[PDB]
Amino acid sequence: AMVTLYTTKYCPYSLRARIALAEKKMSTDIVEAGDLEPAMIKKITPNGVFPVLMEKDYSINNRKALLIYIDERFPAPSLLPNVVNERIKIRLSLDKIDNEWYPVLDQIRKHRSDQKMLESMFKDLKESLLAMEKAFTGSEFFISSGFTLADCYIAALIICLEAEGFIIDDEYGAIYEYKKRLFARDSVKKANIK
């Protein structure tokens, strides 16, 4: 009731924010936009960018800054590794996921009407995942001991790729096990139901 997150359906930035807020056990309440008038929508976020986290008179919708703000605004439990060197590599992974993997989801959405262009995009995305299957071996979550923001980034990316028709199944190996572990977690599956 104190803080409110305004979300959009099928948006990975909205999904990974709900996963992160749930991991924080914050008293914030989710409010699905689209159910609100443009008079309210244009007042929530002036530039119409979702998701939007607001409390009091502050309001943040910057994509690359939202979850970092979430983890710092509600500090416990920490969503970054405690060891400095692991945290530095997680920060680089977050930048690589936002700049090199989320655009793959973006182009799959934009050209989903073209079946032949879609089949090739799914084919290149499978080869990309299978190439880094070794990086998912020997860790309960993504290259870390515990649940981090990277697991939030990846979960929302898998949920949205699943809706587009891209499924991670038995053939991905350690990636598939990590996915099964990832979706077993309460915050991920609370946001995955639809």
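One-based numbering along the sequence shown.
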Identify the stretch, either 171 to 179 or 16 to 24, whose C-alpha atoms have the larger mean B-factor according to the entry. 171 to 179
Of 88 to 96 and 119 to 127, the stretch with the higher mean C-alpha B-factor in the deposited entry is 119 to 127
Identity of residue with top Cα B-factor, from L149, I70, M132, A155: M132
Would you mind checking where the Cα B-factor of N61 ranks among the modelled residues of its chain, as the lowest, middle or highest third? lowest
Temperature factor at the Cα of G165, chain-ranked in thirds, falls in the middle
Ranking the modelled residues of this chain by C-alpha B-factor as given in the entry, is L53 in the lowest, middle or highest third? middle
